[PDB]
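Peer 1: Just one file: protein28.cif, with mmCIF, N, CA and C atoms.
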data_entry
#
loop_
_atom_site.label_atom_id
_atom_site.label_comp_id
_atom_site.auth_asym_id
_atom_site.auth_seq_id
_atom_site.Cartn_x
_atom_site.Cartn_y
_atom_site.Cartn_z
N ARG A 3 0.84 -1.23 0.00
CA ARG A 3 0.00 0.00 0.00
C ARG A 3 0.86 1.26 0.00
N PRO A 4 0.77 2.04 -1.07
CA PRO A 4 1.48 3.33 -1.16
C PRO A 4 1.04 4.27 -0.03
N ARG A 5 1.95 5.10 0.46
CA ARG A 5 1.61 6.00 1.56
C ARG A 5 0.85 7.22 1.06
N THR A 6 -0.22 7.55 1.75
CA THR A 6 -0.99 8.74 1.44
C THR A 6 -0.22 9.97 1.89
N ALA A 7 -0.69 11.15 1.51
CA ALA A 7 -0.08 12.39 1.95
C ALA A 7 -0.83 12.78 3.22
N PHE A 8 -0.11 13.11 4.28
CA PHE A 8 -0.73 13.51 5.55
C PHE A 8 -0.81 15.03 5.67
N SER A 9 -1.89 15.54 6.24
CA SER A 9 -2.00 16.98 6.46
C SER A 9 -1.13 17.36 7.64
N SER A 10 -0.89 18.66 7.78
CA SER A 10 -0.16 19.23 8.89
C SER A 10 -0.75 18.78 10.22
N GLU A 11 -2.07 18.79 10.32
CA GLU A 11 -2.73 18.40 11.56
C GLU A 11 -2.51 16.92 11.90
N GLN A 12 -2.61 16.09 10.87
CA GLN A 12 -2.42 14.66 11.06
C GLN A 12 -0.97 14.42 11.50
N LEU A 13 -0.03 15.09 10.84
CA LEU A 13 1.37 14.95 11.16
C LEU A 13 1.65 15.45 12.56
N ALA A 14 1.03 16.55 12.95
CA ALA A 14 1.21 17.05 14.31
C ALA A 14 0.87 15.97 15.33
N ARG A 15 -0.29 15.36 15.18
CA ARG A 15 -0.70 14.31 16.08
C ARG A 15 0.26 13.12 16.03
N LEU A 16 0.61 12.67 14.83
CA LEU A 16 1.46 11.48 14.73
C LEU A 16 2.81 11.72 15.39
N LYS A 17 3.39 12.89 15.19
CA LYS A 17 4.70 13.18 15.77
C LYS A 17 4.65 13.18 17.29
N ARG A 18 3.64 13.82 17.87
CA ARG A 18 3.53 13.85 19.32
C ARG A 18 3.32 12.41 19.83
N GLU A 19 2.47 11.64 19.16
CA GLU A 19 2.22 10.26 19.59
C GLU A 19 3.51 9.43 19.53
N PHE A 20 4.27 9.62 18.46
CA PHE A 20 5.51 8.88 18.26
C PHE A 20 6.53 9.20 19.33
N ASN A 21 6.49 10.44 19.80
CA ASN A 21 7.40 10.90 20.83
C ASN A 21 7.00 10.39 22.22
N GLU A 22 5.74 9.99 22.39
CA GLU A 22 5.32 9.36 23.62
C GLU A 22 5.64 7.87 23.61
N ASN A 23 5.35 7.21 22.49
CA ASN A 23 5.50 5.77 22.35
C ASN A 23 5.67 5.44 20.88
N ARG A 24 6.79 4.85 20.54
CA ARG A 24 7.09 4.56 19.15
C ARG A 24 6.44 3.29 18.63
N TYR A 25 5.72 2.57 19.49
CA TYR A 25 5.08 1.30 19.13
C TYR A 25 3.58 1.33 19.33
N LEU A 26 2.86 0.79 18.36
CA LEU A 26 1.40 0.81 18.37
C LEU A 26 0.78 -0.45 18.88
N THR A 27 -0.31 -0.31 19.61
CA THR A 27 -1.10 -1.47 19.99
C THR A 27 -2.35 -1.34 19.15
N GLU A 28 -3.18 -2.38 19.14
CA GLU A 28 -4.42 -2.34 18.37
C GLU A 28 -5.30 -1.17 18.76
N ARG A 29 -5.55 -1.02 20.05
CA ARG A 29 -6.44 0.05 20.48
C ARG A 29 -5.88 1.43 20.12
N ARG A 30 -4.58 1.62 20.27
CA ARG A 30 -4.04 2.93 19.95
C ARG A 30 -4.12 3.17 18.43
N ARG A 31 -3.83 2.14 17.63
CA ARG A 31 -3.93 2.26 16.17
C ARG A 31 -5.37 2.60 15.76
N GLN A 32 -6.34 1.94 16.38
CA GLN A 32 -7.74 2.22 16.09
C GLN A 32 -8.15 3.64 16.54
N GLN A 33 -7.69 4.08 17.70
CA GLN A 33 -8.02 5.43 18.13
C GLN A 33 -7.43 6.46 17.14
N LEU A 34 -6.19 6.27 16.71
CA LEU A 34 -5.59 7.20 15.77
C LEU A 34 -6.32 7.22 14.45
N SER A 35 -6.70 6.05 13.96
CA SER A 35 -7.40 5.98 12.69
C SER A 35 -8.70 6.73 12.74
N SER A 36 -9.46 6.51 13.80
CA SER A 36 -10.76 7.15 13.96
C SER A 36 -10.61 8.65 14.24
N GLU A 37 -9.57 9.06 14.95
CA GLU A 37 -9.44 10.47 15.27
C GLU A 37 -8.75 11.24 14.13
N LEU A 38 -8.05 10.54 13.25
CA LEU A 38 -7.33 11.20 12.18
C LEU A 38 -7.93 11.06 10.81
N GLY A 39 -8.92 10.18 10.65
CA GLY A 39 -9.49 9.97 9.34
C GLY A 39 -8.50 9.28 8.41
N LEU A 40 -7.63 8.45 8.98
CA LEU A 40 -6.67 7.69 8.20
C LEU A 40 -6.94 6.21 8.39
N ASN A 41 -6.75 5.46 7.33
CA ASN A 41 -6.81 4.01 7.41
C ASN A 41 -5.76 3.50 8.41
N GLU A 42 -6.08 2.43 9.13
CA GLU A 42 -5.14 1.83 10.09
C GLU A 42 -3.84 1.44 9.40
N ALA A 43 -3.95 0.96 8.17
CA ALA A 43 -2.80 0.61 7.37
C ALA A 43 -1.87 1.81 7.23
N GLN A 44 -2.43 2.99 6.98
CA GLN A 44 -1.62 4.19 6.82
C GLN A 44 -0.96 4.58 8.14
N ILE A 45 -1.67 4.38 9.24
CA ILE A 45 -1.10 4.69 10.54
C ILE A 45 0.09 3.77 10.82
N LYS A 46 -0.09 2.47 10.60
CA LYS A 46 0.98 1.50 10.81
C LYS A 46 2.20 1.81 9.94
N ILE A 47 1.97 2.15 8.68
CA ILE A 47 3.08 2.48 7.79
C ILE A 47 3.86 3.69 8.27
N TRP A 48 3.15 4.72 8.71
CA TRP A 48 3.82 5.92 9.18
C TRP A 48 4.71 5.60 10.38
N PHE A 49 4.20 4.80 11.33
CA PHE A 49 4.98 4.41 12.50
C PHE A 49 6.19 3.58 12.11
N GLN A 50 6.00 2.61 11.22
CA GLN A 50 7.13 1.80 10.77
C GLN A 50 8.19 2.69 10.10
N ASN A 51 7.74 3.56 9.20
CA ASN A 51 8.64 4.44 8.48
C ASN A 51 9.38 5.35 9.46
N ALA A 52 8.67 5.84 10.48
CA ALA A 52 9.29 6.72 11.46
C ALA A 52 10.36 6.00 12.27
N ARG A 53 10.14 4.74 12.62
CA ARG A 53 11.18 3.99 13.34
C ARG A 53 12.38 3.76 12.44
N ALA A 54 12.09 3.44 11.18
CA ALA A 54 13.14 3.21 10.19
C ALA A 54 14.03 4.44 10.08
N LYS A 55 13.44 5.60 9.88
CA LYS A 55 14.21 6.84 9.71
C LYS A 55 15.09 7.11 10.92
#
Here is a file; write its structure as structure tokens.
Peer 2:
Amino acid sequence: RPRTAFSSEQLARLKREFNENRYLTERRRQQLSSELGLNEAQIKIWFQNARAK
């Protein structure tokens, strides 16, 4: 799955979340998806990519 483009707001949330905990659980992935309007797949990819970088 190719990565979508994230808005500034979505990125703001993801960065703060990543800085609290770099690893996702199911419930946290679901909360992010529902609060960000992003597919869970996109959330997982962003976290993986962020750890990679």
Peer 1: Would you pick out the contacts of segment 34-47 of chain A at 7 Å or less, using only N, CA and C atoms, so that residues sharing its chain but fewer than 5 positions from it are not included, and give the list as a compact mmCIF listing (two decimals) with N, CA and C atoms, in the frame of the given file?
Peer 2:
# COMPACT_ATOMS: atom_id res chain seq x y z
N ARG A 5 1.95 5.10 0.46
CA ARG A 5 1.61 6.00 1.56
C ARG A 5 0.85 7.22 1.06
N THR A 6 -0.22 7.55 1.75
CA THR A 6 -0.99 8.74 1.44
C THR A 6 -0.22 9.97 1.89
N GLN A 12 -2.61 16.09 10.87
CA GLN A 12 -2.42 14.66 11.06
C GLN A 12 -0.97 14.42 11.50
N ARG A 29 -5.55 -1.02 20.05
CA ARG A 29 -6.44 0.05 20.48
C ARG A 29 -5.88 1.43 20.12
N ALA A 52 8.67 5.84 10.48
CA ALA A 52 9.29 6.72 11.46
C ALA A 52 10.36 6.00 12.27
Peer 1: Would you work out the distance separating atom N of residue 22 of chain A from atom C of residue 48 of chain A, expressed in Å to one decimal?
Peer 2: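 Result for atom N of residue 22 of chain A versus atom C of residue 48 of chain A: 12.8 Å, one decimal.
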Peer 1: Using Å and a single decimal, report how far atom C of residue 31 of chain A sits from atom C of residue 15 of chain A.
Peer 2: 11.9 Å
Peer 1: Please run DSSP on the backbone and report, as an mmCIF file with N, CA and C atoms, in the frame of the given file, all residues within chain A that come out as helix (DSSP H, G or I).
Peer 2:
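Produced file out_35.cif, reproduced below:
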data_model
loop_
_atom_site.group_PDB
_atom_site.id
_atom_site.type_symbol
_atom_site.label_atom_id
_atom_site.label_comp_id
_atom_site.auth_asym_id
_atom_site.auth_seq_id
_atom_site.Cartn_x
_atom_site.Cartn_y
_atom_site.Cartn_z
ATOM 1 N N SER A 10 -0.890 18.660 7.780
ATOM 2 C CA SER A 10 -0.160 19.230 8.890
ATOM 3 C C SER A 10 -0.750 18.780 10.220
ATOM 4 N N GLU A 11 -2.070 18.790 10.320
ATOM 5 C CA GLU A 11 -2.730 18.400 11.560
ATOM 6 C C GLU A 11 -2.510 16.920 11.900
ATOM 7 N N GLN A 12 -2.610 16.090 10.870
ATOM 8 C CA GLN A 12 -2.420 14.660 11.060
ATOM 9 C C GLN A 12 -0.970 14.420 11.500
ATOM 10 N N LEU A 13 -0.030 15.090 10.840
ATOM 11 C CA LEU A 13 1.370 14.950 11.160
ATOM 12 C C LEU A 13 1.650 15.450 12.560
ATOM 13 N N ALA A 14 1.030 16.550 12.950
ATOM 14 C CA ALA A 14 1.210 17.050 14.310
ATOM 15 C C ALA A 14 0.870 15.970 15.330
ATOM 16 N N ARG A 15 -0.290 15.360 15.180
ATOM 17 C CA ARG A 15 -0.700 14.310 16.080
ATOM 18 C C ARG A 15 0.260 13.120 16.030
ATOM 19 N N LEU A 16 0.610 12.670 14.830
ATOM 20 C CA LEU A 16 1.460 11.480 14.730
ATOM 21 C C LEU A 16 2.810 11.720 15.390
ATOM 22 N N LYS A 17 3.390 12.890 15.190
ATOM 23 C CA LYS A 17 4.700 13.180 15.770
ATOM 24 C C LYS A 17 4.650 13.180 17.290
ATOM 25 N N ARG A 18 3.640 13.820 17.870
ATOM 26 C CA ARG A 18 3.530 13.850 19.320
ATOM 27 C C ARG A 18 3.320 12.410 19.830
ATOM 28 N N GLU A 19 2.470 11.640 19.160
ATOM 29 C CA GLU A 19 2.220 10.260 19.590
ATOM 30 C C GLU A 19 3.510 9.430 19.530
ATOM 31 N N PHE A 20 4.270 9.620 18.460
ATOM 32 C CA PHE A 20 5.510 8.880 18.260
ATOM 33 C C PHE A 20 6.530 9.200 19.330
ATOM 34 N N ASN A 21 6.490 10.440 19.800
ATOM 35 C CA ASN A 21 7.400 10.900 20.830
ATOM 36 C C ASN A 21 7.000 10.390 22.220
ATOM 37 N N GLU A 22 5.740 9.990 22.390
ATOM 38 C CA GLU A 22 5.320 9.360 23.620
ATOM 39 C C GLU A 22 5.640 7.870 23.610
ATOM 40 N N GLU A 28 -3.180 -2.380 19.140
ATOM 41 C CA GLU A 28 -4.420 -2.340 18.370
ATOM 42 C C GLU A 28 -5.300 -1.170 18.760
ATOM 43 N N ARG A 29 -5.550 -1.020 20.050
ATOM 44 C CA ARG A 29 -6.440 0.050 20.480
ATOM 45 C C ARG A 29 -5.880 1.430 20.120
ATOM 46 N N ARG A 30 -4.580 1.620 20.270
ATOM 47 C CA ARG A 30 -4.040 2.930 19.950
ATOM 48 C C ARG A 30 -4.120 3.170 18.430
ATOM 49 N N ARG A 31 -3.830 2.140 17.630
ATOM 50 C CA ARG A 31 -3.930 2.260 16.170
ATOM 51 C C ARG A 31 -5.370 2.600 15.760
ATOM 52 N N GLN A 32 -6.340 1.940 16.380
ATOM 53 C CA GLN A 32 -7.740 2.220 16.090
ATOM 54 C C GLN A 32 -8.150 3.640 16.540
ATOM 55 N N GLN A 33 -7.690 4.080 17.700
ATOM 56 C CA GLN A 33 -8.020 5.430 18.130
ATOM 57 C C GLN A 33 -7.430 6.460 17.140
ATOM 58 N N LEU A 34 -6.190 6.270 16.710
ATOM 59 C CA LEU A 34 -5.590 7.200 15.770
ATOM 60 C C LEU A 34 -6.320 7.220 14.450
ATOM 61 N N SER A 35 -6.700 6.050 13.960
ATOM 62 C CA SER A 35 -7.400 5.980 12.690
ATOM 63 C C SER A 35 -8.700 6.730 12.740
ATOM 64 N N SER A 36 -9.460 6.510 13.800
ATOM 65 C CA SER A 36 -10.760 7.150 13.960
ATOM 66 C C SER A 36 -10.610 8.650 14.240
ATOM 67 N N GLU A 37 -9.570 9.060 14.950
ATOM 68 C CA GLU A 37 -9.440 10.470 15.270
ATOM 69 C C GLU A 37 -8.750 11.240 14.130
ATOM 70 N N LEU A 38 -8.050 10.540 13.250
ATOM 71 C CA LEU A 38 -7.330 11.200 12.180
ATOM 72 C C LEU A 38 -7.930 11.060 10.810
ATOM 73 N N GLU A 42 -6.080 2.430 9.130
ATOM 74 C CA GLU A 42 -5.140 1.830 10.090
ATOM 75 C C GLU A 42 -3.840 1.440 9.400
ATOM 76 N N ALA A 43 -3.950 0.960 8.170
ATOM 77 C CA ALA A 43 -2.800 0.610 7.370
ATOM 78 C C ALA A 43 -1.870 1.810 7.230
ATOM 79 N N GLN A 44 -2.430 2.990 6.980
ATOM 80 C CA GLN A 44 -1.620 4.190 6.820
ATOM 81 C C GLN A 44 -0.960 4.580 8.140
ATOM 82 N N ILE A 45 -1.670 4.380 9.240
ATOM 83 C CA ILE A 45 -1.100 4.690 10.540
ATOM 84 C C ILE A 45 0.090 3.770 10.820
ATOM 85 N N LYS A 46 -0.090 2.470 10.600
ATOM 86 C CA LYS A 46 0.980 1.500 10.810
ATOM 87 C C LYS A 46 2.200 1.810 9.940
ATOM 88 N N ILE A 47 1.970 2.150 8.680
ATOM 89 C CA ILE A 47 3.080 2.480 7.790
ATOM 90 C C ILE A 47 3.860 3.690 8.270
ATOM 91 N N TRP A 48 3.150 4.720 8.710
ATOM 92 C CA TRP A 48 3.820 5.920 9.180
ATOM 93 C C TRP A 48 4.710 5.600 10.380
ATOM 94 N N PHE A 49 4.200 4.800 11.330
ATOM 95 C CA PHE A 49 4.980 4.410 12.500
ATOM 96 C C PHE A 49 6.190 3.580 12.110
ATOM 97 N N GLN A 50 6.000 2.610 11.220
ATOM 98 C CA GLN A 50 7.130 1.800 10.770
ATOM 99 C C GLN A 50 8.190 2.690 10.100
ATOM 100 N N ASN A 51 7.740 3.560 9.200
ATOM 101 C CA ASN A 51 8.640 4.440 8.480
ATOM 102 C C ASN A 51 9.380 5.350 9.460
ATOM 103 N N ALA A 52 8.670 5.840 10.480
ATOM 104 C CA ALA A 52 9.290 6.720 11.460
ATOM 105 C C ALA A 52 10.360 6.000 12.270
ATOM 106 N N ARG A 53 10.140 4.740 12.620
ATOM 107 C CA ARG A 53 11.180 3.990 13.340
ATOM 108 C C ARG A 53 12.380 3.760 12.440
ATOM 109 N N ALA A 54 12.090 3.440 11.180
ATOM 110 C CA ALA A 54 13.140 3.210 10.190
ATOM 111 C C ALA A 54 14.030 4.440 10.080
#
Peer 1: Hey, can you check how far atom C of residue 7 of chain A sits from atom N of residue 49 of chain A?
Peer 2: 12.4 Å
Peer 1: Which residues, named as in the file, does the PyMOL selection byres (((chain A and resi 25 and name CA) around 9) and name CA) pick out? Answer as a list in words.
Peer 2: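 Listing what the PyMOL selection byres (((chain A and resi 25 and name CA) around 9) and name CA) selects in the shown file: residues 20, 23, 24, 26, 27, 49, 50 and 53 of chain A.
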